[PDB]
Amino acid sequence: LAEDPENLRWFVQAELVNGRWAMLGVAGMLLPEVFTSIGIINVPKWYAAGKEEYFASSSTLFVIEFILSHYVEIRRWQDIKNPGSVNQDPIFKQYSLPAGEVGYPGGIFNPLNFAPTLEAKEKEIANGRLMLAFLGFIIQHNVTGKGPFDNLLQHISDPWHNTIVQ
Amino acid sequence: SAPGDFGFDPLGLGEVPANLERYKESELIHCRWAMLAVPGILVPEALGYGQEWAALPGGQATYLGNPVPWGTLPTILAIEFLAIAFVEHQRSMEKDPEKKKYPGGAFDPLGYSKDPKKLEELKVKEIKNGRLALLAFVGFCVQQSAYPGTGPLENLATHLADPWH
Amino acid sequence: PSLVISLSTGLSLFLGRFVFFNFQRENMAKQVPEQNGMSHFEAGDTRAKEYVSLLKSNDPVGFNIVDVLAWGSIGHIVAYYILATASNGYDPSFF
Ligand SMILES: CCCCCCCCCCCCO[C@H]1O[C@H](CO)[C@@H](O[C@H]2O[C@H](CO)[C@@H](O)[C@H](O)[C@H]2O)[C@H](O)[C@H]1O
């Protein structure tokens, strides 16, 4: 007998998790542009600490890392079904405990709210999308090239290039 | 994740609430036997000098008459599984509240039957140590359960090694 | 290499757990109950079973193994014989 727009919690979240990890995603780039120098795929190995002991390996620099993340990630699941995270800023966003205009079922279109301080994650909405779709762009044009813009000598007009494989 | 929140009474609770893990108090003390065996290493710089039965050279006392089958293995073995039938025989003749025979009726009023015959009895700390042993026995005990040939000879680098294997 | 008599030792471990009750109470076969002639009727059918009767010699005749299985197996079966050997007898240690 259930009709239309339901979901409640759901993937309103997903967006604000994608964009905030798309924002902090392009923060991966950023660096190699004003003073260009080091970039592309890099296989970075990140930034690297001191010159004492390491040499290419010293074991997996991430698998040991992500066990920690784990039981600090299922904690949003330790949240999304039954709300709980003192700050309370994604599940519905802040302002304390409001947005129950969608927490107890019955959305339909609901835009929402949040931040005792002035406005909202609202013009921190756009900045969510532009970054989720920017990656789109960012890892779209690798497969062919890796640098952005110069001036009017012989770059910003596109001369001759190789196309896709075939 | 087997104790991923589930269980009711006989197969759920009943079998387990202490019982199976109180019989897994054996697991810990058998592991106490196994870690009353292995700690021949544990403390480095020790003074072992040498018996202890190693690598099969002859046996207990050679025996004035050919060894029973052959080896030091079946001599200590074949007995074990009939002499320690002492304990569990007594463990499978129990019951929780009072003991008489198979009398009249004692299913439930208030007081509620009892609790695992030998329940927690409090000390909800043996279990908090029990599962720890189990996790240890099951867990990184495969630090020495995959390719365990060499002993300890640490040379300096870091840790771990992945796969590879 | 093989303990061959490791396990025939082993199997009449258990069927002497057989030598049991031809002896001890009353007759054969807890006397033919039901065998020939044919059960009540019974009928669905039918009985009995009893999770409750795996005792009686669990403890006593769990020795039966070590009988033959000791001194009468790897240790040269009854050396204490003589008792009419001349159409022949012996018998003689293949061991
Ligand atoms: C959530 C459960 C699943 C949904 C599927 C089931 C849908 C429910 C079916 C409706 C049951 C019968 O309802 C029935 O009564 C109406 C009024 O009493 C009648 O309706 C009629 O009478 C009215 C009188 O002014 C007119 O204005 C209406 O236009 C005309 O349709 C119809 O005969 C029918 O609509």
# chains A, B, ... in the order shown; residues from 1 in each chain; ligands from 1
$ interface_residues --of "chain B" --to "chain C" --cutoff "9 Å" --atoms "only C-alpha atoms" --output "MDAnalysis selection string"
chainID B and resid 66 68:70 82
$ write_last_selection --atoms "N, CA and C atoms" --output "compact mmCIF listing (two decimals), in the first residue's frame"
# COMPACT_ATOMS: atom_id res chain seq x y z
N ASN B 66 61.74 -55.98 23.64
CA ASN B 66 61.39 -55.11 22.51
C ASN B 66 60.26 -54.12 22.80
N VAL B 68 57.05 -51.71 22.79
CA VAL B 68 55.69 -52.24 22.64
C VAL B 68 55.21 -52.36 21.17
N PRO B 69 54.95 -51.22 20.49
CA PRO B 69 54.78 -51.30 19.04
C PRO B 69 56.09 -50.89 18.37
N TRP B 70 56.19 -49.63 17.96
CA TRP B 70 57.48 -48.94 17.87
C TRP B 70 57.34 -47.42 17.93
N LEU B 82 41.33 -43.12 27.98
CA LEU B 82 40.60 -44.13 28.74
C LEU B 82 40.79 -43.90 30.24
$ closest_atom_pairs --of "chain B" --to "chain A" --cutoff "12 Å" --atoms "only C-alpha atoms" --output "tab-separated table"
residue	atom	partner	partner_atom	distance
B:156	CA	A:53	CA	9.5
B:157	CA	A:58	CA	6.9
B:158	CA	A:58	CA	5.9
B:159	CA	A:59	CA	6.8
B:160	CA	A:59	CA	5.9
B:161	CA	A:59	CA	5.9
B:162	CA	A:60	CA	7.2
B:163	CA	A:60	CA	9.8
B:164	CA	A:59	CA	11.3
$ atom_distance --atom1 "CA of residue 15 in chain C" --atom2 "CA of residue 88 in chain B"
23.6 Å
$ residues_near_ligand --ligand "ligand 1" --cutoff "9 Å" --atoms "only C-alpha atoms and all ligand atoms" --output "tab-separated table (two decimals) with N, CA and C atoms, in the first residue's frame"
chain	number	residue	atom	x	y	z
A	1	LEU	N	0.82	-1.25	0.00
A	1	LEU	CA	0.00	0.00	0.00
A	1	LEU	C	0.84	1.29	0.00
A	2	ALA	N	2.15	1.15	0.23
A	2	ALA	CA	3.08	2.28	0.24
A	2	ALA	C	3.21	2.90	-1.16
A	3	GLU	N	3.05	4.22	-1.25
A	3	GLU	CA	3.00	4.91	-2.56
A	3	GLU	C	4.34	5.38	-3.12
$ atom_distance --atom1 "CA of residue 45 in chain A" --atom2 "CA of residue 139 in chain A"
18.7 Å
$ residues_around --residues "residue 32 in chain A" --least-positions-apart "6" --cutoff "12 Å" --atoms "only C-alpha atoms" --output "JSON, numbers by chain"
{"A": [26, 38, 39, 40, 41, 42, 146, 147, 148]}
$ select_by_dssp --residues "range 1-156 of chain A" --states "helix (DSSP H, G or I)" --output "ChimeraX atom specification"
/A:12-18,20-26,65-70,74-80,100-103,123-129,134-141
$ atom_distance --atom1 "CA of residue 10 in chain C" --atom2 "CA of residue 77 in chain B"
13.4 Å
$ residues_around --residues "residue 143 in chain B" --least-positions-apart "4" --cutoff "12 Å" --atoms "only C-alpha atoms" --output "short mmCIF file (atom, residue, chain, number, x, y, z; two decimals) with N, CA and C atoms, in the first residue's frame"
data_model
loop_
_atom_site.label_atom_id
_atom_site.label_comp_id
_atom_site.auth_asym_id
_atom_site.auth_seq_id
_atom_site.Cartn_x
_atom_site.Cartn_y
_atom_site.Cartn_z
N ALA B 136 42.98 -15.78 20.86
CA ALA B 136 44.44 -15.91 20.77
C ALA B 136 44.84 -17.23 20.12
N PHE B 137 44.21 -18.31 20.57
CA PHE B 137 44.44 -19.64 20.04
C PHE B 137 44.07 -19.69 18.57
N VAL B 138 42.94 -19.08 18.24
CA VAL B 138 42.42 -19.07 16.88
C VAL B 138 43.17 -18.04 16.03
N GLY B 139 43.36 -16.85 16.59
CA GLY B 139 43.96 -15.71 15.89
C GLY B 139 45.43 -15.85 15.53
N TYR B 147 53.70 -21.47 7.85
CA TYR B 147 54.95 -22.03 7.34
C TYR B 147 56.00 -22.17 8.46
N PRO B 148 55.59 -22.71 9.63
CA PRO B 148 56.38 -22.59 10.86
C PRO B 148 57.54 -23.59 10.96
N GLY B 149 58.66 -23.24 10.33
CA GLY B 149 59.87 -24.06 10.34
C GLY B 149 60.98 -23.47 11.20
N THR B 150 61.31 -22.21 10.93
CA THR B 150 62.38 -21.51 11.64
C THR B 150 61.90 -20.91 12.97
N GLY B 151 62.83 -20.72 13.90
CA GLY B 151 62.53 -20.11 15.20
C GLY B 151 62.61 -18.59 15.18
N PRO B 152 63.09 -17.98 16.28
CA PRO B 152 63.23 -16.53 16.35
C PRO B 152 64.65 -16.05 16.04
N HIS B 159 58.08 -4.95 10.38
CA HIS B 159 57.03 -5.91 10.77
C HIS B 159 56.30 -6.43 9.53
N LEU B 160 55.46 -7.45 9.71
CA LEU B 160 54.53 -7.94 8.67
C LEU B 160 55.21 -8.57 7.44
N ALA B 161 54.38 -9.13 6.52
CA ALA B 161 54.81 -9.59 5.16
C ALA B 161 53.82 -10.22 4.09
N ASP B 162 52.53 -10.30 4.35
CA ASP B 162 51.42 -9.92 3.43
C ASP B 162 50.51 -10.86 2.62
#
$ residues_around --residues "range 1-5 of chain B" --least-positions-apart "2" --cutoff "12 Å" --atoms "only C-alpha atoms" --output "VMD selection string"
chain B and resid 7 to 8 12 to 13 16 to 17 131 135
$ residues_around --residues "residue 114 in chain A" --least-positions-apart "3" --cutoff "6 Å" --atoms "only C-alpha atoms" --output "CSV table (one decimal) with N, CA, C and O atoms, in the first residue's frame"
chain,number,residue,atom,x,y,z
A,93,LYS,N,22.4,16.4,9.7
A,93,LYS,CA,23.2,17.6,9.9
A,93,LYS,C,22.9,18.1,11.3
A,93,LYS,O,22.2,17.5,12.1
A,94,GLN,N,23.5,19.3,11.7
A,94,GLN,CA,23.5,19.7,13.1
A,94,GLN,C,22.2,20.4,13.6
A,94,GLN,O,21.1,19.9,13.4
A,95,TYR,N,22.4,21.6,14.2
A,95,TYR,CA,21.3,22.3,14.8
A,95,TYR,C,20.8,21.6,16.1
A,95,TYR,O,19.7,21.9,16.7
A,120,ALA,N,24.0,27.2,6.2
A,120,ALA,CA,24.0,25.7,6.1
A,120,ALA,C,25.0,25.2,5.1
A,120,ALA,O,25.7,25.9,4.4
